[PDB]
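In the structure tokens that follow, the same protein chain appears in two forms, which are kept apart as structure 1 and structure 2.
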Structure 1
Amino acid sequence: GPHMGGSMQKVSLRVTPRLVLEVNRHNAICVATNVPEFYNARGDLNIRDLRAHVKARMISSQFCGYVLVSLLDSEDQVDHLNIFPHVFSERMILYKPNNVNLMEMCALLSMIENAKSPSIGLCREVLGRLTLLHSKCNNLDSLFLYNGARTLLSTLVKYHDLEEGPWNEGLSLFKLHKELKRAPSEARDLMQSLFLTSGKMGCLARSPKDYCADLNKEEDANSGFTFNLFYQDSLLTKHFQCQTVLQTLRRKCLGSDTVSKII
């Protein structure tokens, strides 16, 4: 809570890294992509191929870092963001740590967010790998990334009823989002309007990829840059439908400001 003497103990201001994608550039093209599914049908994690992927990224001439945004739990309304655009822009960074272990933690965050059908086995495997990686870094960035991944995993475990523990409560508004679906209709609609339909970041697009294509068309005739986005629709990637999010993503992925430390 915000530590206000007890009345707001369920209001969470916890900061979690979100919307994590790999950014690559060559020629005048820039692409933001989710990390691939380095696991089998049972959710056994393919550490060998994951590690090889991250090592390839660190030495690649195309790799620009991981794009991510730090969001407060109360800002994250599943498919709407309660945050002003100028605040959101400052929260989004292009992160390129010179450390394979921190890069692997970022890759796992992307994998968590983009998992289509996560299982409890996958969530436990990923958590175990993150615990090991954090134990090898033991710095403030790895703590932030470990805590964030645990929060996101916990959100999936709760939302999808994967446990019939190491989990926290997850993002608080995801719990409300699930619970309201079964509330009586009039109360459901009012509480969704009150607590889960922020307008501060504007309208949502049916097709993020077509919206990004239209952003490219504006400068096509003048040989402008091309930006494209690839991600997997899931509980944790709904914010890529926000048009202002996509405009900010495009600007940040094409911009020059890379940081090597988060905290």
Structure 2
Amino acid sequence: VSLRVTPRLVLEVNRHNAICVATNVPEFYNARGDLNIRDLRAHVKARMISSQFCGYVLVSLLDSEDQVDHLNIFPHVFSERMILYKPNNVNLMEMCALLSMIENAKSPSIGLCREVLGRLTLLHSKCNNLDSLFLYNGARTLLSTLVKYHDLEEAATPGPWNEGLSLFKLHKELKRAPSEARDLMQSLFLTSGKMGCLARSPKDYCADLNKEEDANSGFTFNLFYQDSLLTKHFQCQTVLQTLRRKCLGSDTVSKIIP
């Protein structure tokens, strides 16, 4: 019932003469939640025609690995999951962009969510593809996680969301429990040591991550993301290391699931 892979940590990656930056897609919506499709699509087109565009860095997580702010995954496996995406298709490009925008949305209203799902289904109807089925399921899943966790559906009659990332339900449920037991149960179920420590503030960790490896390499990786219930894994140092590595070299793929 949960054999579902979901794309997480979606950023867009630029390189101007080996100087690299991974950014979230900016927000294209007003304070009430009206999605600016025109500017979004212009952004996506602009990033395609650009030459300093390498793609969306994204990871694939399984449900039992994403603990909201810790990772029950080993670092080598995590590296195998993280890819650099540059599809030869405009609609998949915009889907990854919306994924970025959902993860990094500060506090979306359910109105922006329903609009985003709507635009998504509209893009996915334009592209029959394993990549579009993938981008769509997972983007709806990130959306649903955000609603179910923040009580955005509360209305009574169900909307078209699903349960979201399972351990996010556990994460929410243990914050409710007596302070005595909450602490232990968080330590026992949603704090997987396997990916190691968290850095205090990623940006600094990347700045000295640049100081250490900058004699042989003019490479300089910087990271820009909006803090959010869906971006807590940018605090993890092994994450940031793997991210810099993937953004700076490796390869790109035109198709996630060829």
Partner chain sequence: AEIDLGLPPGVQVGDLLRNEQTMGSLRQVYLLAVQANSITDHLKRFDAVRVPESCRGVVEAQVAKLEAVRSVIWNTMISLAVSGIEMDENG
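If you superpose the two forms and keep the largest set of C-alpha atoms that fall within 1.5 Å, you have the rigid core. Numbers given to residues start at 1 and step along the sequence of structure 1.
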Selected structure - the one that is the form solved without the partner chain: 1
Out of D44, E219, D214, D49, the residue that alone shifts its CA by 2 Å or more between structures 1 and 2 when the rigid core is the reference: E219
Yes/no, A187 Cα shift of 2 Å or more between structures 1 and 2 with rigid core fixed: yes
Backbone CA shift between structures 1 and 2, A28, after core fitting (angstrom): 2.6
For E75, CA displacement between structures 1 and 2 after the core is overlaid, in Å: 0.2
